[PDB]
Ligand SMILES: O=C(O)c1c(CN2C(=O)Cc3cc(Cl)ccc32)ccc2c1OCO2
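Just the one chain here, laid out as structure tokens, in the form deposited without this ligand.
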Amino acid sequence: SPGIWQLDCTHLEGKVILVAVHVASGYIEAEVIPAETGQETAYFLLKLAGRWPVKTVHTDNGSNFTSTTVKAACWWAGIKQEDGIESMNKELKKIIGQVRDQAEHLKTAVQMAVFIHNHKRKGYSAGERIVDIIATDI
């Protein structure tokens, strides 16, 4: 379904990479934060929902599902917060490793990996698939 997203967390270099995957296409958005908190997750969802038509988010764990702050952001943004990827984290870490030496900051390497992941043709790319899926829904 065009509006379904899945949250995902992974660790790297003492930091956390928070990822949102558009389930039907494999398209991703990602950010680097010091640690996963309800405030960081709520702010990340608010950003994602202003950029794509987010109908449902499958939270990554029970703490984010429980968080009053995350629930408040889902309420504000009109998101249906729902309850309950390893290959995606491994592939994303693999791309980060291939670009790591071109970037001083981890956040720069992570955005380079988001770019490569979304543009990779598998032939359509994930960026093309998300747009085609949502335009068909309009």
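The first residue of the shown sequence is 1; numbering continues from there.
Report, from the record, the number of residues in the deposited sequence between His11 and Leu12 that have no coordinates, as none, 1 to 3, 4 to 9, or 10 or more.
Going from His11 to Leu12, the model skips no residues of the deposited sequence.
Between neighbours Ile79 and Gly78, residues that the deposited sequence lists but the model omits
Per the deposited record, the segment joining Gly78 and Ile79 has no missing residues.
If you average the CA temperature factors as listed in the entry, which stretch comes out higher, 46-54 or 89-97?
It is 89-97.
Against its chain's modelled residues, does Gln102's Cα B factor rank lowest, middle or highest third?
Ranked within chain, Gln102 CA B lands in the highest tercile.
Looking at the C-alpha B-factor of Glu82, is it in the lowest, middle or highest third of its chain?
It falls in the top third of the chain.
Which third, lowest, middle or highest, does the CA B-factor of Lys120 fall in along this chain?
For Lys120, the deposited C-alpha B-factor lands in the highest third.
Ranked by Cα temperature factor within the chain, is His22 in the lowest third, the middle third or the highest third?
As the PDB entry reports it, the C-alpha B-factor of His22 lands in the lowest third of its chain.
Absent from the display: the form solved in complex with this ligand. The rest refers to it.
Contact with this ligand in the deposited bound form for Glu82, defined as at least one heavy atom pair within 4.5 Å: yes or no?
Judged by the heavy-atom cut-off of 4.5 Å, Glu82 is well away from this ligand in the deposited bound form.
Though the partner is not shown here, which residues of 10-41 have a heavy atom within 4.5 Å of this ligand in the deposited bound form?
Heavy-atom contacts to this ligand in the deposited bound form: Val21, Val23, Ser25, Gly26, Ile28.
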